[PDB]
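Q: below you'll find the sequence and an experimental structure to go with it.
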Amino acid sequence: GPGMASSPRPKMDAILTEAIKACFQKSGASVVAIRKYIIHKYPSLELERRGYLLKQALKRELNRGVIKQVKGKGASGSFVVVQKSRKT
């Protein structure tokens, strides 16, 4: 585009979003799940292992409401609670 020196948008956010949404139900999503994922799935685990990016994201949900809330409770897609408890 019009302007050299540029960096793409982050993706790790969705990579883990898939884990909580897709995994939490199929395999379950916990602090270890995200950690072991960075460790086993990626090399970045060195820095990430400090549960900085992943734990903050995974735990931010848990710390917010036990990661049992994907969407809002009204204006959003109705009362939603992950795949394990994806209400209607």
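A: Sure, I can see it. Residues are numbered from 1 along each chain as shown.

Q: which parts of stretch 52-70 are buried?
A: Buried residues in stretch 52-70, defined by neighbour count with 16 or more other C-beta atoms under 10 Å: 53, 54, 55, 57, 58, 61, 67, 69, 70. No exception for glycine: its C-beta is placed from N, CA and C like everyone else's.

Q: could you do stretch 31-47 as well?
A: Neighbour-count burial for stretch 31-47 flags 33, 34, 35, 37, 38, 39, 45 (criterion: 16+ other C-beta under 10 Å).

Q: re earlier: narrow the buried residues of stretch 52-70 to those in helices?
A: If you go by DSSP state H, the buried residues of stretch 52-70 have 54, 55, 57, 58, 61 in helices.

Q: can I get those in JSON lines including distance to residue 18?
A: Formatted as JSON lines, those follow (distance: C-beta to C-beta, whole Å):
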{"residue": "54", "distance to residue 18": "13"}
{"residue": "55", "distance to residue 18": "17"}
{"residue": "57", "distance to residue 18": "12"}
{"residue": "58", "distance to residue 18": "12"}
{"residue": "61", "distance to residue 18": "14"}
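
Q: turn the buried residues of stretch 52-70 into JSON lines, columns for distance to residue 78.
A: JSON lines is the format used below for the buried residues of stretch 52-70 (distance: C-beta to C-beta, whole Å):
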{"residue": "53", "distance to residue 78": "30"}
{"residue": "54", "distance to residue 78": "28"}
{"residue": "55", "distance to residue 78": "29"}
{"residue": "57", "distance to residue 78": "24"}
{"residue": "58", "distance to residue 78": "24"}
{"residue": "61", "distance to residue 78": "18"}
{"residue": "67", "distance to residue 78": "18"}
{"residue": "69", "distance to residue 78": "12"}
{"residue": "70", "distance to residue 78": "11"}
